[PDB]
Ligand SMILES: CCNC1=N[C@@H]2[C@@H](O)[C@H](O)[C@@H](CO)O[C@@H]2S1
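This document opens with one chain alone, in structure tokens, the form deposited without the ligand.
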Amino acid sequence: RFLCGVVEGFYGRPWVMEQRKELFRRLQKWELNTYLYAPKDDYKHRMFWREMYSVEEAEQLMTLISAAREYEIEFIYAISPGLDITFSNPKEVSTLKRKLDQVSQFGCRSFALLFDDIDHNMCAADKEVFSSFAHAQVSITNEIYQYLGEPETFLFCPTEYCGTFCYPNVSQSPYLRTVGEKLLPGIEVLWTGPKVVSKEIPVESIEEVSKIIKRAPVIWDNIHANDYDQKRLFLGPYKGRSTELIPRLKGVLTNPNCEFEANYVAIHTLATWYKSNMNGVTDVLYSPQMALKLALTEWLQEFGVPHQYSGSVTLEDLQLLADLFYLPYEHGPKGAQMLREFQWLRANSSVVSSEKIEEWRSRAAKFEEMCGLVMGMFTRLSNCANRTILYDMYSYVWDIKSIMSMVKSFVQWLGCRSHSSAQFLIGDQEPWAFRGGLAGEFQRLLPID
């Protein structure tokens, strides 16, 4: 039993039920088998957890679970009470029991309770009754696990769910020691990696946290998570994770972008990565570039379902789009090539000599060709017939077009200003000082590398 699926786990704009039914269709085509419902800004889930659903909310949740059971996807209703809860008071425990009982009647078999992004200080009665935070949380998890008759897949996310959040280490922390000692063995734990956003989840960190919890954890994976930076978007493949982590784990649950239609690659490459191996003890039987190419090919076929009726987008346009928006700690090959060409062009911009003028103007012409490629990419993407995918990522491609036009203008200005032929950079483009709207001003007034 392996829990390979998608956790909705971001902040702000939760998905709609039609999007989740399309997600359940998408997982069943890709042989994935789980879905963890935990949207942080759904107000019946986090900010108010004592409040019960209405009749229409129960109906849409009931048909959501029915669509999941139709599509062989294990719906896991999670619930995060940790912002305001008295664990010592049994009234909050019984209210949580009532809420989990009402969601039991909607057809849910798998459940979870989540304790994330909360301060480590407790109440006065919680400090009076119980010794530490982890003892109270593991007593709540054991009480809910006994109250629901020990479900087959129950998930528990700790407050120190990554390597930076736990102190002093992953092994000397008293929190993970209490969690590993006092927990029932059928309850799977959640984990993220060395950070909240992990560049890599190495094998040895998984093995030492499997020592400290005495179980194989399920990695909540915020690789393509979009909630911390809403100016960014990630369309890279499922990289940074070795294929030998599958026998050392109980599940991989990816937390994708806040926009649903930008998540074809981020779930399909996870499906290809899970299809690499399933058992047995720079990567063997998995290439992230080949999984990225397969994801973009199937996504181009998704684009071609309405095609052009009611130029079209090509595969090279999608590859440029994925290379422009790749990873929280990486860019694409084309994006890094454009970065190093612009850094070269602004290096010797002030003094350019002969053969030096020849190579400068040739690489400036190559940069203008790449700028025309991104203009053609945006124009062919805006002429597509799948309108929902266009509306989900219109701000990002609009922002990269509106930046790259002025970058193309400044490279044309530098081509003018290599020789003494008057002009000004102000006369080429107006030097605006209001990008971001008092956020980019503070961002540019803050130091970078």
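Heads up: residue numbers just count along the shown sequence, starting at 1.
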In terms of residues present in the deposited sequence but not modelled, what lies between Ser310 and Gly311: none, 1 to 3, 4 to 9, or 10 or more? 10 or more
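Another form, the form solved in complex with the ligand, is not on view; read the next lines as being about it.
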Looking at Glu200, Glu244, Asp117, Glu74, which has any heavy atom no more than 4.5 Å from the ligand in the deposited bound form? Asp117
Selected contact from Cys157, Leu321, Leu270, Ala295, since only one has a non-hydrogen atom within 4.5 angstroms of the ligand in the deposited bound form: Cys157
Should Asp227 be classed as touching the ligand in the deposited bound form when contacts are defined as heavy atoms within 4.5 Å? yes
At the 4.5 Å heavy atom threshold, is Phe24 in contact with the ligand in the deposited bound form? no
Should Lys40 be classed as touching the ligand in the deposited bound form when contacts are defined as heavy atoms within 4.5 Å? yes
Contact with the ligand in the deposited bound form for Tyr11, defined as at least one heavy atom pair within 4.5 Å: yes or no? yes
For the interface check, one of 214-222, 85-93, 134-142, 358-366 should have non-hydrogen atoms within 4.5 Å of the ligand in the deposited bound form; which one? 214-222
Residues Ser173, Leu176 and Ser210 are flagged as a possible site; in the deposited bound form, is every one of them within 4.5 Å of the ligand by some non-hydrogen atom? no
What residues in 182-216 sit within 4.5 Å of the ligand in the deposited bound form, counting heavy atoms only? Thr192, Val196
